[PDB]
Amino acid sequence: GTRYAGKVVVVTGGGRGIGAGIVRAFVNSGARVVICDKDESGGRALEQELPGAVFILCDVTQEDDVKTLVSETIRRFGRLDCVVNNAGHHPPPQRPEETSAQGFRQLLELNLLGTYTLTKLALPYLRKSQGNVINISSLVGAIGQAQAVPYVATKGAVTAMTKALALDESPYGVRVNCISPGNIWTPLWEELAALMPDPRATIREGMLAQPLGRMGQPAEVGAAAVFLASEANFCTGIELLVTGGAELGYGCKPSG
């Protein structure tokens, strides 16, 4: 591919799921990709699979891991053009009274501060390349979700942070955007469904939450990411919905 040839991209949580779909999309567009992940299994195999992708073990909640991620990226490839903050986690459904402040803080540490930390360490290099930041948020940050108060809050923060940072970095020509996926079929979706009383039914309800009648694919998030990086030069601070239309119209969720 030539759409993003000669560019260098870091993707966190790139070892599986949406992150791996994003990794593949950027490789297909001609970019060199650093795969960052806290687990080795998926990311290491993906490095072997994809010419132009390399794997760096890095836990985004550990600032020294992230500092080394950036320095190794520059040392090995000489520039940095795009950072995709995809690493994140959705806890199992929890009622509000079943949540804790410390569990909330830990989820904020991954979903929000890890995104914050990599972005901050990368920005000096992005400014030199007039690169861009892509945060992976969630539709539920905008519309809410049941039994997920901490998760929804972290994603509301990421989407808002994307806009604030877009304002700050616009004078330097660094664009900052986010993608808000809806139901994307990933290993995380599969794992969460398996915890449920009826996994197959939970999966069917998840497919039917979209007017398109299916869940999305990691490759479709990946294509949205490559668009924001390579072709959306007048887009900054936007929230790109990749949701199959889940937010549209009425659904199941006289005046007394």
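From 1 onward, residues are counted along the sequence shown.
Per-stretch averaging of Cα B factors for 193-201 and 54-62 places 193-201 on top. 75-83 and 153-161 differ in mean CA B-factor, and the higher of the two is recorded for 75-83. Among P181, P93, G88, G141, the highest C-alpha B-factor in the deposited entry belongs to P93. For the set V34, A45, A223, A209, the PDB entry assigns the largest Cα B-factor to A209. Split the chain's modelled residues into thirds by C-alpha temperature factor. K128 is in the highest one. In the deposited entry, the Cα temperature factor of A101 places it in the highest third of its chain's modelled residues.
For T68, the recorded CA temperature factor ranks within the highest third of the chain's modelled residues.
The deposited CA B-factor of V8 belongs to the lowest third of values across its chain.
Placement of the Cα temperature factor of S230 within the chain: lowest third of the modelled residues, per the deposited record.
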